[PDB]
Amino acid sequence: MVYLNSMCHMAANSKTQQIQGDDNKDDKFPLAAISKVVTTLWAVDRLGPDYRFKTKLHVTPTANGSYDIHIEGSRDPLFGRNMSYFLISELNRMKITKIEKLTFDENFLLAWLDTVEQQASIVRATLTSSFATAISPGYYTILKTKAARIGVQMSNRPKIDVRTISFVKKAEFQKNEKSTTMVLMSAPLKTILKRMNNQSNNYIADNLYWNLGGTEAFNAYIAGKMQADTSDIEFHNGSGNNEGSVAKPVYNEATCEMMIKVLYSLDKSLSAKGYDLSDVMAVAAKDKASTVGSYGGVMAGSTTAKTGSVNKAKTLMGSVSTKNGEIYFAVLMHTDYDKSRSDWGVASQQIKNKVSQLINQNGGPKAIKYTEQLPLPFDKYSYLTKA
């Protein structure tokens, strides 16, 4: 069962600022991963698009010749394989190849994809597998080549040998007298958001949402920002994934109007810092690693957008650039993908045809100024630096 729940839009240049749409534009529907755009807005407002996550390494020489290292985490929600490979590269550039005790605190988050001890157990497990495995030359080579494109140098065939990896809480970490402290800054937040909104599992959005205070903080933010409450927008996580079962699902939900208000606000907060939607959201046809990279037709090169797919919904929202100006849009479809596998692709085609009509009946597409960015978790200021 594929059918329209709601479609709405507004011209960026509207003097009335009245959102246009069908009669369902003020009823709540599942959002799926367009939720990530709301999480994006929150993060931009709270942190700023140039914010960097400052992970600290406390490094102490051992009588051996080797090092102990304690990671004081910054809750960087994008510390994954790429970033781990870069850390290893950096350790080798700093002449560290052997670590005796590697320790890490509760703020050191790791994306291989409850409670503090148990969360840290999973990070430890992941770390121990990852650092005890040879770095894959094919994956590293591709990564080193992407890094060189943004002028980041990485080591040749890097490696690390770690004796032990343990959880040490921030409160119980005693900084050694002859430790050095080095900082490994993330790429800017806008870049992390770019990566998240191109294509991701739940991990980044969910960790951002928790970092910022979770649901109680989110509802206070939305009330302050939008004069909105839970009848406009009801979140349970940052990502929009199912928090229930297949039979009784629990999805983030919002009105079509709220999605437009989000896009407007996001656009405004970004412009204040000189940035565009296409700095944090995928560009149809241009962003090849995204869910809209194979979009063609009039959307190609003209459209900034985020996809969503859950059992009960297929969604799209963003901005289309037309000869009549930029236009914010959201389309929310109903699906029953658990019952009928064909619904996601059928829904997706109906959304594209709806957005193509929105473009084609507003004078046709006007290209945006955009060249495919590579949203790596580090940039040229990420190098280990003695702070």
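Residue numbers run from 1 along the displayed sequence.
In this entry, residue 113 is separated from residue 114 by 10 or more residues of the deposited sequence that have no coordinates.
Mean CA B-factor, 352-360 versus 59-67: the higher value falls on 59-67. Of the two segments, 131-139 and 303-311, the one listed with the higher mean B-factor is 131-139 (C-alpha atoms only). Residue set 118, 211, 255, 84: peak C-alpha B-factor at 118 (per PDB entry). Residue-level inspection of the entry shows that, of 229, 76, 276, 287, 229 has the top Cα B-factor. Residue-level temperature factors show residue 379 in the lowest third of its chain, judged at the C-alpha atom.
Per the deposited record, the Cα B-factor of residue 173 falls in the highest third when ranked against the other modelled residues of its chain.
In the PDB entry, a CA B factor belonging to the highest third of its chain's modelled residues is recorded for residue 346. Residue-level temperature factors show residue 369 in the highest third of its chain, judged at the C-alpha atom. In this PDB entry, the Cα temperature factor of residue 52 sits in the bottom third of its chain's modelled residues, the lowest group.
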